[PDB]
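> experimental coordinates for this protein are included below, preceded by the sequence.
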Amino acid sequence: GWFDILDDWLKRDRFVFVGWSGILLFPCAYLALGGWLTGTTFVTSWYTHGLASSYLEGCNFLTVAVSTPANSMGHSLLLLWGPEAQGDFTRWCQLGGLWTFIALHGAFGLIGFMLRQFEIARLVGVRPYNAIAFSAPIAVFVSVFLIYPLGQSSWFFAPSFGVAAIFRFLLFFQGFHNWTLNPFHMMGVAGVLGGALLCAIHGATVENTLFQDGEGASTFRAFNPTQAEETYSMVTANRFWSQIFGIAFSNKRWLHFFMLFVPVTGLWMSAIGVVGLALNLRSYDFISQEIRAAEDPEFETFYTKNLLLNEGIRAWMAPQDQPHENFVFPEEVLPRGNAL
Amino acid sequence: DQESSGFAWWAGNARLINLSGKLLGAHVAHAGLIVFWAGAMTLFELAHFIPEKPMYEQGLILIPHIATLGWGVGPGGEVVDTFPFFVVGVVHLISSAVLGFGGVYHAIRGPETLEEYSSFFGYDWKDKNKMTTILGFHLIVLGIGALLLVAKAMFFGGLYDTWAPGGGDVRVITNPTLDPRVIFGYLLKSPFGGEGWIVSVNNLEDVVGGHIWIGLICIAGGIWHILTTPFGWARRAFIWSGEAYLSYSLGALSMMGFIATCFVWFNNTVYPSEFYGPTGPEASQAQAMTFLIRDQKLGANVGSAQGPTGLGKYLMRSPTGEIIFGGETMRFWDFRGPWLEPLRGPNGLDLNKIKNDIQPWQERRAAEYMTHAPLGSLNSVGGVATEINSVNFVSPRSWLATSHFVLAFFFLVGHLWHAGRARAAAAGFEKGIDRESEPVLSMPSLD
Amino acid sequence: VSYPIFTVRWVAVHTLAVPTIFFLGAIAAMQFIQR
Amino acid sequence: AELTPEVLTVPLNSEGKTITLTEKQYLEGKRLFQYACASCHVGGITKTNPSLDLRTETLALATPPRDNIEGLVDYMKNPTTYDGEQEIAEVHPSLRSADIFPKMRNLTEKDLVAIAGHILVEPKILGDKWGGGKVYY
Amino acid sequence: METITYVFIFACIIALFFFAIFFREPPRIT
Amino acid sequence: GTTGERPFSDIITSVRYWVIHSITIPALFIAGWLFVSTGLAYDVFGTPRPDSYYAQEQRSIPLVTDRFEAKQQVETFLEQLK
Amino acid sequence: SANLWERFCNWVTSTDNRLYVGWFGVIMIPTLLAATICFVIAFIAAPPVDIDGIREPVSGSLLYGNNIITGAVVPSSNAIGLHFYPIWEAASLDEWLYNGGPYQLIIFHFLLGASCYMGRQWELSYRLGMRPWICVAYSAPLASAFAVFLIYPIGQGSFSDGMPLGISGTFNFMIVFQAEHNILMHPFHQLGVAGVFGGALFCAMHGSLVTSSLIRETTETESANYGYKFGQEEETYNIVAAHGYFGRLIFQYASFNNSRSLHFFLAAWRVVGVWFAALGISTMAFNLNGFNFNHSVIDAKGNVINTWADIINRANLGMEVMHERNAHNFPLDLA
Ligand code: CLA
Ligand code: CLA
Ligand code: CLA
Ligand code: CLA
Ligand code: CLA
Ligand code: CLA
Ligand SMILES: C=Cc1c(C)c2cc3nc(c4c5[nH]c(cc6nc(cc1[nH]2)C(C)=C6CC)c(C)c5C(=O)[C@@H]4C(=O)OC)[C@@H](CCC(=O)OC/C=C(\C)CCC[C@H](C)CCC[C@@H](C)CCCC(C)C)[C@@H]3C
Ligand SMILES: CC(C)=CCC/C(C)=C\CC/C(C)=C\CC/C(C)=C/CC/C(C)=C\CC/C(C)=C\CC/C(C)=C\CC1=CC(=O)C(C)=C(C)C1=O
Ligand SMILES: CC1=C(/C=C/C(C)=C/C=C\C(C)=C\C=C/C=C(C)/C=C/C=C(C)/C=C/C2=C(C)CCCC2(C)C)C(C)(C)CCC1
Ligand SMILES: CC1=C(/C=C/C(C)=C/C=C\C(C)=C\C=C\C=C(C)\C=C\C=C(C)\C=C\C2=C(C)CCCC2(C)C)C(C)(C)CCC1
Ligand SMILES: CC1=C(\C=C/C(C)=C/C=C\C(C)=C\C=C\C=C(C)\C=C\C=C(C)\C=C\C2=C(C)CCCC2(C)C)C(C)(C)CCC1
Ligand SMILES: [Br-]
Ligand SMILES: [Br-]
Ligand SMILES: [Fe+2]
């Protein structure tokens, strides 16, 4: 029963639980949090983005990142030993080898971690609603770091690990994608919004409903942990909203569950949208308008205005942003308003 | 001995029922700290101001305040001697030391109760008049300062008037405006674009002449609160709770941190553009101003030049039929100031004086305000959103506007915090409801 | 009681914590470089 | 070994003779620049009048040719428009600048000799991001 | 059409509102 | 509930801690500072010296043209600067 | 016997009405009704409005730009800047239209009216014995809405740039800003993303763990969401049975022991950063914009070495130029 021997140890309730997941989650969920930090202050991506990455370069926390490989690369999983660096951490490094290293690990580390909840939820024995809810970020990442590049040109145009790095990515889509007009994303928004409201509507709705089941003028003493039954009478809270916002709850059994949906739900939504994006198959235009605009120098909606910003945020952007494709944009050709 | 009988930790602070000599000497404690900053930062501002360089190109916000009264002034706004400044700065650090000296006192060896020891420097919040009285008292301490300006602009060296005949120069306000309707009319109307509640002040005497109407009212308030107990109506309403008082006296500041944040931003007078920055609108005008001269000199005829939008390239009418600067600069037609006024006519800008009368100095002054406009960056770097790294001044009018809001807001929400929970003490809900007696369980459920 | 020191809850902190104190010191060496 | 002195080696006067700079005296042209001109012409372009730039060509064509230290010095002493006449010191601050916008009062020869270098030194650095504003960067 | 649809899908969010704020099946305390 | 909790909640207060640790931090802080102080970082990752981005002249950017021999490019693009 | 008014004030404060008509409600209700019905109609047939000063009516709408995502209610004209445009001004209702008079009318009602809600949001917090800080969490909300409807306007020139009330006009207004202030390069916008990108990852858990921990009351005979009959002072979900898991997910101490710590904070996360962003915006209302790293990073010779934030720049320069083209005749945009 050596199998059960290994087992026995691993899953032994330490301080920070290890277990089977651990042989996956932990290693990968390390070189990843890791590799990020390593390059974060040490490597430059001057060979793919002719920009400065590392703090060593003088970069700022925000402006630092482990920017994706040169689009000249493709989707090659830039192995250390692959025909790329041919074996040469230094080179492999300069070739922005790591970003594949940081994504795939973070990939499998994001795997091991959902499996990590499932392990526990099974051990302590509880509904798999944690791990189930982890689909949300699972999809999201996969969508924006794996399928997208894959569906586009190179790993290049894939997100790059840094904040000003991803801040880029937003305006990228706004530029050549007009993300803000894709129904789906408008649900992603929807989720992260409805959910942020719930997290708090219910959040401050509890703190301000509960009872005097303790002594002082403070609540951190009030009954618990699992003893006395329920701190907030959902009846005294109920009638408050059904007179204020019109419709209130009943059965926290669903409130919690409805709280599961909203976010994880919508999040997933955009992820689809994004898959639309790898295929440039996006929601950019509204023909009905283009034609109604074409023949009418007097027809104008925010639809159109916005649409321009896009052209701006692309003619000015692109050249210095997609170097591999040597863009030669003469000052004239350059679109830009009156007086600016 | 608290934390167990006392309610909480973070909220540990607040212990105060009927009285407390620790909390008294705690406001005298902080009300002293505040004094410390006044001076320390002052001695940190003079410790810097280059011989002669824009007062706003250097991060000065206190020094500029001292200037408005007429200290270090100079014809035009140019500091004469780096001294009047150092006086208030150190007199504040020594003021600060004084604040320090007896606050820690009431705080550690100072007598607890204000009933056991003293019987006059002793309160109780339910004490309807004790509180009522102290009111008219600090009201009087304000009726006093409310006069400092009155004799400072009228007796010890008037206020710097950038609305002076020859230019910016500390003049001595001898004729304060004491016309009941004009000084009481200011607050009583004008909210938006038309004009500001009171951020709308033209001359330096409507202020001094009014800061006179204020030094009495509040002064005559004490002879009213110190002299009388609450009336017959206000008894009701008002939760004379201890906490509640923090709120009633608190959410007022939120109002002022706002009516302040708008003063540093718009008011040119009390906010001499020479000591602080050039009001957001002002800069926008200097923009057109410049390029209008630039272009007029190159032979263009501004009067007739038709915009590209077809509107008016340099000049266009206002919904009042007045004349005003075009471009986008239109939004700011209500703006007024000394460098422009002479180049202004009866129906707004005057096509004539604008053509030749365009004297040589107004060019650079209206040029400075362009270059240095109220816009900067989170990490200092004056210029538009995407300006390379070179200039790095961030308008004071910008910091004072940003600052005061952030605070002015939290306060409003701070008004809520207490004004509504204190409405839970006089009701006993504060701490939640009674697990057996819940008022919604004894109600004909609407459904 | 009888507690050990080479616990697993120990190897963990030492994987990311020790290299970090190497990192912050490495960084600190940069707050000076120039040209 | 990036900003060699053969690059700090600029033409001080018209005639065609040359004066070289130190890694040192450069910073000041700059430190000065920002104290002194920042307001406008940042990156090498006048904001009061975009029409005119601090580019090497421009200056060279100007009159009197200002593509030389003495010249940018002449200017910093006496300010005149492009092409000969119209002394513009009554507007554009200069050592003349009848004590106007004091940013000028203080400076000295050590100063003007350098700032002026900074202007001709830059483009040698910044390809031409020096004259072109907004579009480059 | 196009607009006729927009004003419709809308006026039902208004009905759907009226209906769940007055045709709420009362919550029972048992 | 059950907890195989090792010390922790005080091992900071540990007398042998802040001792054998008053030896480890600085033996770690500067350990890393030297990876930086030598210039070592560079040669480790390939990162350029604030002097080693563009050649002493040319205005090009060493953009890796190809994929299969990417390294060879990087080699000559490096030797480049001189 | 009490006179008629005494009745009046009890009916407005009666904890009995289907919906509370609180004192704050005597102003909220008439107010919000106004905002809406005006708008909802303007949203149908909104006559071409000319936001910017330039007489070039840009009017998305239904009977004009009949789409939901295109249209909206358009702003106020620079022309009348920060000026109050009372419908009784425009020498013709049709005037009021050009200048977008409907905008103000609605936005001010929805502004003060939703504060009334903020207000009459606590009126049960008292007229019903129970902790009042519910309306306090509604601060993260009302405020922010103001930050984008009142503050920025008092900030810049005029209501001309006040988050138009439209789907796309949103996007527009969003972009404009990101081009005029580096708000994405800001540690204030960050805090909204901090809480919003939090309340989310978080609503996901308390929802998660809470359903993940429920007794046993039906066995798929039907639903498990019946495991709580409304009104019971019991707690359908176990607490330590819950924590038991997360505490196990991330080492103990890291999972919540006390329920009070649980929830409550569930506000803590959002409302805190939600205020910040609300402010971040109210801040760039006086132009204390995001950090500037344009060029920041340099070389030895002085060659410029691009920070990431440099590209981000072009993505702004881009729009900076195109934004409101033909509406400015000079080179620097101070609003
Ligand atoms: C009726 C008697 C009386 C009087 C005259 C005062 C007067 C004052 N109290 Mg006060 N107080 C009183 C009773 C009184 N208190 C009682 C019974 C209590 C509770 C037991 C308190 C609790 C209390 C607290 C917590 C605080 C005060 C503070 C103050 C000062 C307000 C600062 C200000 O106005 O800005 C100054 C602006 C002016 C224009 C002032 C004009 C100059 C006047 C005051 C001349 C005074 C001459 C002398 C004192 C030298 C200067 C004094 C110094 C404060 C500068 C003021 C001196 C505040 C303070 O400053 O103390 C640290 C404060 O924080 N009081
Ligand atoms: C560390 C925190 C802090 C600091 C350093 C400052 C600093 C300053 N505040 Mg201020 N303020 C703060 C917190 C702070 N505040 C908070 C929490 C609020 C509530 C929203 C305010 C509300 C406020 C107002 C309404 C005003 C200031 C003003 C000022 C400036 C004048 C200094 C002063 O007035 O001397 C005291 C003596 C003076 C002669 C200054 C002006 C005298 C008038 C304005 C006072 C009228 C009563 C007013 C409520 C008292 C203000 C005191 C308060 C600022 C500390 C100064 C830079 C003044 C300025 O205009 O800034 C733009 C001003 O009008 N503040
Ligand atoms: C907010 C205003 C305020 C108010 C209402 C009070 C009120 C009080 N303080 Mg007090 N105090 C204050 C501000 C205030 N203080 C400040 C700002 C400091 C530090 C600078 C102190 C430092 C202090 C100490 C050390 C003590 C008190 C004491 C007291 C209590 C009795 C003494 C007294 O008040 O004399 C009333 C004040 C007068 C009659 C004014 C007289 C002024 C003459 C001209 C000079 C006073 C002496 C001075 C020359 C020498 C100062 C040294 C001093 C510490 C002994 C009384 C409740 C205790 C006390 O003395 O009780 C018997 C006590 O031991 N205070
Ligand atoms: C502006 C005037 C003002 C005054 C005089 C008070 C006074 C008081 N407040 Mg208060 N409050 C205010 C404004 C004010 N507040 C505002 C604007 C808000 C938000 C809108 C609040 C929100 C608030 C809450 C939630 C509570 C109070 C409480 C209190 C009381 C306890 C005192 C206390 O805890 O401080 C002593 C020290 C602290 C409170 C700690 C301050 C330092 C914090 C913890 C920062 C920690 C550092 C760390 C980096 C924080 C990370 C950020 C994260 C916390 C978001 C006291 C009467 C407590 C109470 O109910 O009793 C009255 C309480 O629970 N206040
Ligand atoms: C600066 C603002 C300020 C002020 C004026 C006070 C004042 C007070 N707090 Mg307090 N508090 C604050 C901020 C403040 N707090 C914050 C931010 C927190 C969150 C951590 C708390 C948490 C807290 C708790 C839990 C308690 C208090 C308590 C108190 C009271 C008793 C003080 C005491 O027992 O200390 C004892 C003093 C010492 C142990 C030594 C302190 C050293 C001195 C005071 C500082 C010296 C200043 C300076 C360096 C020297 C000047 C030199 C000069 C002499 C020349 C007193 C009224 C107690 C109370 O009963 O009220 C509710 C209490 O239980 N506070
Ligand atoms: C009760 C809580 C409390 C505490 C602990 C302090 C503490 C202090 N005040 Mg203060 N103050 C308070 C209430 C408080 N005040 C109230 C109710 C008012 C009414 C005006 C003032 C008015 C005031 C003035 C005019 C001045 C101070 C000053 C100060 C000192 C400067 C530090 C500063 O940040 O505070 C100033 C005010 C605040 C800080 C308000 C809240 C801001 C906090 C958070 C400070 C920064 C902490 C920050 C939040 C860190 C975490 C951020 C978060 C995102 C995680 C500091 C000791 C200065 C001083 O005395 O000289 C040096 C000064 O000039 N205060
Ligand atoms: C705002 C972005 C965001 C971040 C920062 C984030 C972070 C986290 N979410 C977790 C959980 C969850 N998130 C969930 C739903 C969501 N989470 C969301 C959004 C986020 N969630 C969205 C909003 C949904 C809600 C709608 C569920 C409910 C969970 C879990 O229950 C779980 C948890 O219990 O948290 C406490 C934690 C699991 C830790 C882990 O998987 O380690 C293992 C992975 C490691 C250590 C390696 C990292 C893997 C990645 C791919 C590598 C990337 C590394 C770089 C990119 C670092 C980025 C930094 C630079 C780019 C600047 C972790 C703290
Ligand atoms: C059509 C139009 C006009 C606009 C656009 C709509 C758009 C763009 C998208 C829809 C997109 C899709 C498909 C999915 C989005 C999914 C996303 C669902 C988020 C969910 C948002 C949502 C459903 C609700 C949020 C509701 C809200 C803000 C408050 C209600 C809170 C609530 C349920 C009960 C209040 C409440 C809570 C509580 O705990 C207690 C004790 C009491 C007493 C209470 O009353
Ligand atoms: C103008 C001017 C001046 C002055 C002025 C003044 C001095 C004034 C005033 C005044 C004012 C302006 C005032 C005020 C105020 C008041 C208030 C602010 C109030 C209030 C209150 C309230 C509102 C309340 C409360 C309540 C309610 C709300 C309802 C019911 C309940 C109760 C009763 C609680 C001068 C020349 C010097 C300067 C400049 C100009
Ligand atoms: C109690 C308390 C507290 C506090 C309090 C207070 C009240 C505060 C503060 C503070 C203060 C209130 C203070 C003060 C002071 C001051 C001093 C102690 C001073 C000094 C200094 C000096 C005097 C100096 C300066 C100078 C001069 C002299 C001149 C010029 C030069 C110089 C700059 C050097 C604490 C925190 C503990 C917390 C708890 C409670
Ligand atoms: C790489 C690699 C690897 C691994 C790795 C690693 C191991 C990484 C790592 C790592 C790490 C482990 C890093 C780190 C770090 C860290 C740091 C450098 C930090 C920091 C910082 C901070 C953060 C601080 C502070 C703070 C505060 C206190 C305030 C706020 C918050 C914060 C946190 C910011 C191997 C060999 C396998 C393979 C090859 C590649
Ligand atoms: Br636009
Ligand atoms: Br313009
Ligand atoms: Fe819950």
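On my side now, so go ahead. Numbering: from 1, shown residues only, chains lettered A, B, ... in the order given. Ligands and ions are numbered 1, 2, ... in the order given.
> secondary structure element for residue 32, which one?
By default, I'm working from chain A. Taking DSSP states H and E as the criterion, residue A:32 maps to helix A:25-42.
> right idea, wrong chain: chain D
Short version, using DSSP H and E: residue D:32 is in helix D:23-36.
> which helices and strands does that helix pack with?
helix D:109-125 (3 or more C-beta pairs under 8 Å, 6 or more residues apart in numbering or on different chains; DSSP states H and E). For every residue, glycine as well, the C-beta is placed using N, CA and C.
> do stretch B:76-95 and ligand 5 meet?
No - applying C-beta under 6 Å from any ligand atom, one finds stretch B:76-95 separated from ligand 5 by no less than 11.5 Å.
> where's the residue in chain F that ligand 11 sits nearest to, which helix or strand?
Closest approach between chain F and ligand 11, counting by C-beta to the nearest ligand atom: residue F:32, at 9.7 Å. Secondary structure assigned from DSSP H and E places residue F:32 in helix F:26-37.
> following that helix, which helix or strand shows up next?
Following helix F:26-37 in sequence, per DSSP H and E, is helix F:40-45.
> quick one, helices of the stretch 251-400 of chain B?
Counting by DSSP state H, counting those that start in this stretch, the stretch 251-400 of chain B has helices at residues B:263-266, B:280-297, B:361-371, B:396-421.
> my guess is residue G:64 contacts residue G:46. True?
Yes - applying C-beta atoms under 8 Å as the test, residue G:64 and residue G:46 come out as touching, 6.6 Å apart.
> intersection of neighbour lists for these two?
Taking C-beta atoms under 8 Å, 6 or more residues apart in numbering or on different chains as the criterion, residue G:64 and residue G:46 both touch residue G:71.
> neighbour-wise, which of these two wins?
Neighbours per residue, other C-beta atoms under 10 Å in any protein chain shown: of residue G:64 and residue G:46, the larger number sits with residue G:46, 25 against 20.
> contacts only, for that one.
G:59-62, G:64, G:71-74, G:102.
> closest one of the residues you listed to residue E:23?
For those, the minimum distance to residue E:23 (C-beta to C-beta) is 29.4 Å, reached by residue G:62.
> and that closest one, that's in a strand?
No - with DSSP: H, G, I helix; E, B strand; the rest coil as the criterion, residue G:62 is coil rather than part of a strand.
> centroid-nearest residue for chain G?
With distances taken as C-alpha atoms, centre = their mean, residue G:145 lies nearest the centre of chain G, 4.2 Å away.
> and the gap between that residue and residue D:124?
Separation of residue G:145 from residue D:124 (C-beta to C-beta, to the nearest Å): 53 Å.
> re the thing from before, now do the helix holding residue A:32: distance to the chain's middle.
In terms of C-alpha atoms, centre = their mean, to the nearest Å, the centre of helix A:25-42 is found 17 Å from the chain centre.
> now stretch G:23-39
A distance of 18 Å separates the centroid of the chain from that of stretch G:23-39, by C-alpha atoms, centre = their mean.
> cool, stretch A:196-215 as well?
A distance of 29 Å separates the centroid of the chain from that of stretch A:196-215, by C-alpha atoms, centre = their mean.
> quick revisit: in CSV, list the helices of the stretch 251-400 of chain B along with mean neighbour count and distance to residue A:213.
CSV is the format used below for these (neighbours: other C-beta atoms under 10 Å in any protein chain shown; distance: least, C-beta to C-beta, whole Å):
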stretch, mean neighbour count, distance to residue A:213
helix B:263-266, 24, 49
helix B:280-297, 24, 54
helix B:361-371, 22, 63
helix B:396-421, 22, 18
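> which one of these lies nearest to residue A:199?
When the helices of the stretch 251-400 of chain B are compared by C-beta to C-beta, helix B:396-421 sits nearest residue A:199, at 18.8 Å.
> and the closest one, is it in reach of ligand 6?
No - Helix B:396-421 lies out of reach of ligand 6 by C-beta under 6 Å from any ligand atom, never closer than 6.5 Å.
> any chance you could map the helices in the stretch 51-200 of chain B?
Taking DSSP H, counting those that start in this stretch as the criterion, the stretch 51-200 of chain B carries its helices at B:63-69, B:84-108, B:128-152, B:180-185.
> so what touches the first one?
What it means is helix B:63-69. With C-beta under 8 Å, 6+ apart as the contact definition, helix B:63-69 has outside contacts at B:42, B:45-46, B:49, B:55-56, B:72-73, B:77, B:79, B:84-85, B:88, B:149, B:152-153, B:157, B:159-160, B:270-272, B:275-276, B:396.
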